[PDB]
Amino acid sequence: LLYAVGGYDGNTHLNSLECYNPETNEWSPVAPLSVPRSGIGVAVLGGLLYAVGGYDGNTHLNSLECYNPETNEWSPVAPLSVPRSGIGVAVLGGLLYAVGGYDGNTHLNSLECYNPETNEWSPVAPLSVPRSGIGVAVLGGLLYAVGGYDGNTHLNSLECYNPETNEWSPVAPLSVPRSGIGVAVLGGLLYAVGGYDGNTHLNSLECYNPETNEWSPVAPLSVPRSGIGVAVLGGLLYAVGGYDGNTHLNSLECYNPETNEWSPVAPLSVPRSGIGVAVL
């Protein structure tokens, strides 16, 4: 199932979430979060859906909580070292990485990783620059940190972390700066989807092949989407929600790399920008 978590509907920061079953073509509501969270990060580890950081409508959050679909229970988890909205999260080596974001005063170059066996966070080597509105994903055993905003500039840069060497390395940049981006991996390629380039909300996306060191444009989205969520399910890349430059979006579309085409999917129950999405 594809979970769509939190966000902002155009008027309200959301504690609600819903999940999509591609076999029935239907969204169903799920037990809500303890607190509204927009600018959230969401990832799955150990069969649990983690909802990390964000903004509750008044406060930037260091809290996180995890959902077990088997028991239908949300549970608080040990908090982050600092609040992080506009965060990126991903799982590598059995650890949940929380990357960048904004702490309510400062755009963050910091990241930390969570071990569910100890229920503790540990700092990780910092990014080369602060990045909020970042996208993060794992490919080839490396954690990619893509785009974002450094506090002054929307970024086309990206870098990757190797946990075996404890080092970040810069990677070939995007064609355009992208903050409020979504990033996911499909078919061995890293997709960078939508976002905002400093002037314009983007319908464009591009994908990176680490084997050839090449970025390539992909067929664009039907509409611009910044504050998007992206995830992969059933071999398809889902682009969910966001903001098109004028409107917060209840729409989503899915991309088949074999046809290089997008198709609309059943809409969300409510618009959601600053969403988090994951599959479980």
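The first residue of the sequence shown is number 1, and the count goes up from there.
Checklist entry - Where do the C-alpha atoms have the higher mean temperature factor in this entry, in 158 to 166 or in 80 to 88? => result The stretch with the larger mean CA B-factor is 158 to 166.
Item to check | Mean temperature factor over C-alpha atoms, higher-scoring stretch between 253 to 261 and 12 to 20 | outcome: Between 253 to 261 and 12 to 20, it is 253 to 261.
Checklist entry - C-alpha B factor of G148, ranked within the chain: lowest, middle or highest third? => result Lowest third - that is where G148 ends up once the chain's C-alpha B-factors are sorted.
Checklist entry - Compared with the other modelled residues in the chain, in which third is the CA B-factor of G104? => result Highest third - that is where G104 ends up once the chain's C-alpha B-factors are sorted.
Next on the checklist: By the recorded C-alpha temperature factor, relative to the other modelled residues in its chain, which third is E120 in?
Outcome noted: Its C-alpha B-factor, which the entry lists for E120, ranks in the highest third among residues of this chain.
Checklist entry - Ranked by Cα temperature factor within the chain, is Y196 in the lowest third, the middle third or the highest third? => result CA B-factor rank for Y196: lowest third.
Checklist entry - Ranked by Cα temperature factor within the chain, is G94 in the lowest third, the middle third or the highest third? => result Ranked within chain, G94 CA B lands in the highest tercile.
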